[PDB]
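K.L.:
Okay, handing you the structure first.
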Amino acid sequence: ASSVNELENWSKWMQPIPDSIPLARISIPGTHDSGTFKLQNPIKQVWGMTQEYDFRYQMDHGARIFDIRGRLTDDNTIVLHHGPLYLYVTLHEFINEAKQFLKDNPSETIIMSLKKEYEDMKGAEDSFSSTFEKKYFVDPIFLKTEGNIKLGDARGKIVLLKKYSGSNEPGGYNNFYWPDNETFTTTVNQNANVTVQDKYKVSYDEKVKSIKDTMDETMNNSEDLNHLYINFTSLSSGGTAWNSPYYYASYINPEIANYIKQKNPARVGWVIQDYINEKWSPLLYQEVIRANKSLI
């Protein structure tokens, strides 16, 4: 769509973008541990909570990537989890939330990250991957094509990003290595590379350094559509005494948001944040989106 003023529309920002751009090339803002908005317990909050608004407010703000972590239950279903805590949100709840958003804004698509946060219940029936692929993934809204996932194809459905081995059905982004805590780089499909910066449990100093550092590389490697760039602005720690994911989001988002503003980059990659709202000075998600002007 000829205009640039389209990126300003958070619910349909992927409309002006050509149906020929690989999802990897697009600077898509994400959300970290998305299903934690319901946490109301004060002690569970300063540790678990990384969000404050439901999946609709989330994607109604430009967010197109969701960090979904779950567990297999007795009732042969998948519920959202955070470590050994049941977050009072379910997997159906999410897919149902995205279908509604997509029926309303057909121009958009959404990448659903999925991992086995906890161990299958002591009385389940099938495996984790099987249960998901036989009871959920087997839905039409789930893009079944793979390769270098272009926008023209994912429009209207849910692009699945595997973060679990044991997958038997084709579709989405093939689950790769992904080391615990670090900035790594590995091959995805047969035609792709990934540079994931997931340095959780680190100092504020190193954290913001590592973000900007990876954001530097992508900003310069803004022409290789064969490279996926994940950037977790999220930072966790001892909570309670101002070590919570909230304390860090309040500085890191506006800070990293500015970094994008001044740099006038073309590409900033997939930026998975914490506490996506409208109270932090420049707003990270709005900046990530705007940086797609170079694509229109």
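Note on naming: chains are A, B, ... as they come in the structure tokens, residues start from 1 per chain, ligands start from 1 in the order shown.
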Using only C-alpha atoms, which residues sit within 9 Å of residue 289 of chain A once same-chain residues fewer than 5 positions away are excluded, as a PyMOL selection string?

P.N.:
chain A and resi 7-8+10+13+26-29+62+284

K.L.:
Keeping N, CA, C and O atoms, export the residues of the selection given above as a compact mmCIF listing (two decimals), in the first residue's frame.

P.N.:
```
# COMPACT_ATOMS: atom_id res chain seq x y z
N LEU A 7 1.86 1.90 8.62
CA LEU A 7 2.61 1.33 9.74
C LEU A 7 2.10 1.89 11.07
O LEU A 7 2.25 1.26 12.12
N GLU A 8 1.49 3.07 11.01
CA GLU A 8 0.93 3.73 12.19
C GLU A 8 -0.32 3.00 12.70
O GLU A 8 -0.73 3.19 13.85
N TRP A 10 -1.65 -0.06 14.10
CA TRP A 10 -1.19 -1.24 14.84
C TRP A 10 -1.89 -2.55 14.59
O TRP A 10 -1.31 -3.61 14.81
N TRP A 13 -0.79 -3.19 10.43
CA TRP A 13 0.50 -2.70 9.96
C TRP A 13 1.19 -3.56 8.90
O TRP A 13 2.05 -3.06 8.18
N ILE A 26 11.23 -8.94 7.77
CA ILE A 26 10.37 -7.96 8.43
C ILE A 26 10.76 -7.80 9.89
O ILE A 26 11.12 -8.77 10.55
N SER A 27 10.73 -6.56 10.36
CA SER A 27 11.06 -6.25 11.74
C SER A 27 9.74 -6.38 12.48
O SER A 27 8.92 -5.47 12.47
N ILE A 28 9.53 -7.55 13.07
CA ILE A 28 8.30 -7.82 13.79
C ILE A 28 8.49 -7.77 15.30
O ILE A 28 9.38 -8.41 15.83
N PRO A 29 7.68 -6.96 16.00
CA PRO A 29 7.83 -6.91 17.46
C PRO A 29 7.10 -8.11 18.08
O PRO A 29 6.05 -8.52 17.59
N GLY A 62 0.42 -4.18 17.58
CA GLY A 62 1.46 -4.50 16.62
C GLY A 62 2.18 -5.81 16.87
O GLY A 62 2.80 -6.35 15.94
N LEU A 284 8.75 0.58 22.52
CA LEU A 284 9.58 -0.28 21.69
C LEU A 284 8.86 -0.79 20.45
O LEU A 284 9.36 -0.66 19.33
```

K.L.:
Give me the residues of segment 176-197 of chain A that have any atom at most 10 Å from an atom of segment 201-214 of chain A; for each, the nearest atom pair and the distance in Å, rounded to one decimal. Use only C-alpha atoms, sort by chain and number, and format it as JSON lines.

P.N.:
```
{"residue": "A:181", "atom": "CA", "partner": "A:201", "partner_atom": "CA", "distance": 7.5}
{"residue": "A:182", "atom": "CA", "partner": "A:210", "partner_atom": "CA", "distance": 9.3}
{"residue": "A:183", "atom": "CA", "partner": "A:210", "partner_atom": "CA", "distance": 7.8}
{"residue": "A:195", "atom": "CA", "partner": "A:214", "partner_atom": "CA", "distance": 7.9}
{"residue": "A:196", "atom": "CA", "partner": "A:214", "partner_atom": "CA", "distance": 8.5}
{"residue": "A:197", "atom": "CA", "partner": "A:214", "partner_atom": "CA", "distance": 7.0}
```

K.L.:
Okay, now the selection with N, CA, C and O atoms, as an mmCIF file, in the first residue's frame?

P.N.:
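So the final result, stored in result.cif, reads:
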```cif
data_model
loop_
_atom_site.group_PDB
_atom_site.id
_atom_site.type_symbol
_atom_site.label_atom_id
_atom_site.label_comp_id
_atom_site.auth_asym_id
_atom_site.auth_seq_id
_atom_site.Cartn_x
_atom_site.Cartn_y
_atom_site.Cartn_z
ATOM 1 N N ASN A 181 20.639 -19.470 27.681
ATOM 2 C CA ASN A 181 21.263 -18.197 28.050
ATOM 3 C C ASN A 181 22.512 -17.873 27.236
ATOM 4 O O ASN A 181 23.622 -18.307 27.592
ATOM 5 N N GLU A 182 22.322 -17.120 26.150
ATOM 6 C CA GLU A 182 23.421 -16.699 25.276
ATOM 7 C C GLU A 182 22.942 -16.190 23.936
ATOM 8 O O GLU A 182 21.781 -16.356 23.563
ATOM 9 N N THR A 183 23.855 -15.530 23.235
ATOM 10 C CA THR A 183 23.599 -15.030 21.899
ATOM 11 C C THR A 183 24.250 -16.125 21.064
ATOM 12 O O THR A 183 25.443 -16.391 21.208
ATOM 13 N N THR A 195 20.113 -15.814 14.567
ATOM 14 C CA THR A 195 20.980 -15.182 15.559
ATOM 15 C C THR A 195 20.049 -14.760 16.678
ATOM 16 O O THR A 195 19.410 -13.703 16.631
ATOM 17 N N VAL A 196 19.911 -15.656 17.642
ATOM 18 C CA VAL A 196 19.038 -15.424 18.765
ATOM 19 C C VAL A 196 19.812 -14.925 19.963
ATOM 20 O O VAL A 196 20.789 -15.532 20.387
ATOM 21 N N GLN A 197 19.387 -13.778 20.467
ATOM 22 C CA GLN A 197 19.994 -13.180 21.639
ATOM 23 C C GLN A 197 19.013 -13.453 22.774
ATOM 24 O O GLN A 197 17.986 -12.787 22.889
#
```

K.L.:
As an MDAnalysis selection string, which residues of segment 8-80 of chain A does DSSP assign to strand (DSSP E)?

P.N.:
chainID A and resid 29:31 65:72 78:80

K.L.:
Near segment 218-228 of chain A, within 8 Å and counting only C-alpha atoms, which residues show up once chain neighbours fewer than 6 positions away are dropped, as a ChimeraX atom specification?

P.N.:
/A:21-22,24-25,148,191-195,265-270

K.L.:
If you count only C-alpha atoms, which residues fall within 10 Å of segment 135-140 of chain A, apart from same-chain ones fewer than 4 positions away, as number ranges by chain?

P.N.:
A: 76-78, 91-92, 95, 129-131, 144, 157-158, 160, 169, 171

K.L.:
Using only C-alpha atoms, which of the listed residues (A:34, A:40, A:236, A:15) sits closest to residue 54 of chain A?

P.N.:
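The shortest atom-to-atom distance to residue 54 of chain A comes from A:34.
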
K.L.:
Tell me, in Å to one decimal, how far atom CA of residue 45 of chain A is from atom CA of residue 257 of chain A.

P.N.:
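Atom CA of residue 45 of chain A sits 24.7 Å away from atom CA of residue 257 of chain A.
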
K.L.:
Would you work out the distance separating atom CA of residue 51 of chain A from atom CA of residue 180 of chain A, expressed in Å to one decimal?

P.N.:
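Computed distance, atom CA of residue 51 of chain A to atom CA of residue 180 of chain A, equals 22.1 Å.
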
K.L.:
For a quick check of understanding, using only C-alpha atoms, which of A:254, A:198, A:233, A:145 has the smallest distance to residue 174 of chain A?

P.N.:
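Selected residue with least distance to residue 174 of chain A: A:145.
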
K.L.:
For residue 114 of chain A, find every residue with an atom within 12 Å (counting only C-alpha atoms), except residues of its own chain fewer than 2 positions away, and show them as a PyMOL selection string.

P.N.:
chain A and resi 32-35+65-71+78-81+91+94-95+111-112+116-117+128-129+132-133+137+159-165+167+172-175

K.L.:
For each of A:74, A:60, A:120, A:93, take the minimum atom-to-atom distance to residue 9 of chain A, counting only C-alpha atoms, then give the residue where this is smallest.

P.N.:
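Residue with the minimum atom-to-atom distance to residue 9 of chain A: A:60.
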
K.L.:
If you run DSSP on this backbone, which residues of segment 27-252 of chain A come out as helix (DSSP H, G or I), and could you give them as JSON, numbers by chain?

P.N.:
{"A": [34, 35, 36, 42, 43, 44, 45, 55, 56, 57, 58, 59, 91, 92, 93, 94, 95, 96, 97, 98, 99, 100, 101, 102, 103, 104, 128, 129, 130, 131, 132, 133, 134, 135, 151, 152, 153, 154, 204, 205, 206, 207, 208, 209, 210, 211, 212, 213, 214, 215, 216, 217, 218, 219, 220, 245, 246, 247, 248, 249, 250, 251, 252]}
